[PDB]
């Protein structure tokens, strides 16, 4: 998909539902289409327009988190995923994902233990969680 293909769709929306709120309400479609076109900054811009008018949509926060995760912007990805899982706690997978991102970025992140413990509760016996706990144990001080 080209930038031009997405622009043609945005123009169609402008011609038929031109109100700023109707445009914002299409911003998740615009963002996904720009993600198809590998236009990551534009995808972030448009998903933000949508979050402005549909603030409680967990899917939009998760999509923005994925954009930040692709960029390796840990703090922003974790913030988005945290908001998504607050809005829709059925996404237990995001609890493990946050733990994993924090550990990958800086396992001396105090935040890692909190999320590893949350993940351990949701995924009892998980080797993915045990690997993170081993990493935390390896960087613990001694008495």
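Virtual Cβ from ideal backbone geometry, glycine too; neighbours counted across all protein chains shown. A short reminder: the numbers here are calculations on the coordinates, not readings from a lab.
Sort out for me the Cα centre separation of the stretch 35-78 from the stretch 85-143, rounded to whole Å.
23 Å
Based on DSSP H runs of at least 4 residues, each adding -39500 (n - 2.57), what is the mean residue ellipticity at 222 nm of the chain after dividing by all its residues, to the nearest 500 deg cm²/dmol?
-24500 deg cm²/dmol
Tilt of helix 74-87 relative to the longest C-alpha principal axis of the chain, in degrees (0 to 90, nearest 10)?
80 degrees
Mean projection of the alpha-carbon convex hull of the chain over all orientations, in nm²?
So the mean shadow area of the Cα hull is 9.6 nm².
Helix 3-16: angle to the longest alpha-carbon principal axis of the chain, degrees 0 to 90, nearest 10?
The angle comes out at about 60 degrees.
Cα axis of helix 27-36 to longest principal axis of the chain: angle in degrees, 0 to 90, nearest 10?
For helix 27-36, the angle is close to 70 degrees.
Along its principal axes, what span do the Cα atoms of the stretch 59-132 show, with the longest given first and each in whole Å?
Reported extents, whole Å, longest axis first: 30, 26, 17.
Determine, for 51, 10, the number of other Cβ atoms within 10 Å of each Cβ, and report the residues in order from fewest to most.
In increasing order of surrounding Cβ atoms, one gets 10, 51.
Which residue, 28, 123, 63, tops the fluctuation ranking in a GNM of the chain built on C-alpha contacts under 10 Å?
Among 28, 123, 63, the largest GNM mean-square fluctuation belongs to 123.
Give the whole-number value, in cubic angstrom per residue, of the convex hull volume spanned by the C-alpha atoms of the stretch 19-99.
Per residue, the Cα convex hull of the stretch 19-99 comes to 81 Å³.
Fewest Cβ neighbours within 10 Å first, please rank 80, 139, 48 accordingly.
On the way: 80 26, 139 11, 48 15.
Taking fewest neighbouring Cβ atoms as first place, the list is 139, 48, 80.
Can you put 25, 90 in order of Cβ neighbours within 10 angstrom, beginning with the fewest?
Fewest-to-most ranking of 25, 90: 90, 25.
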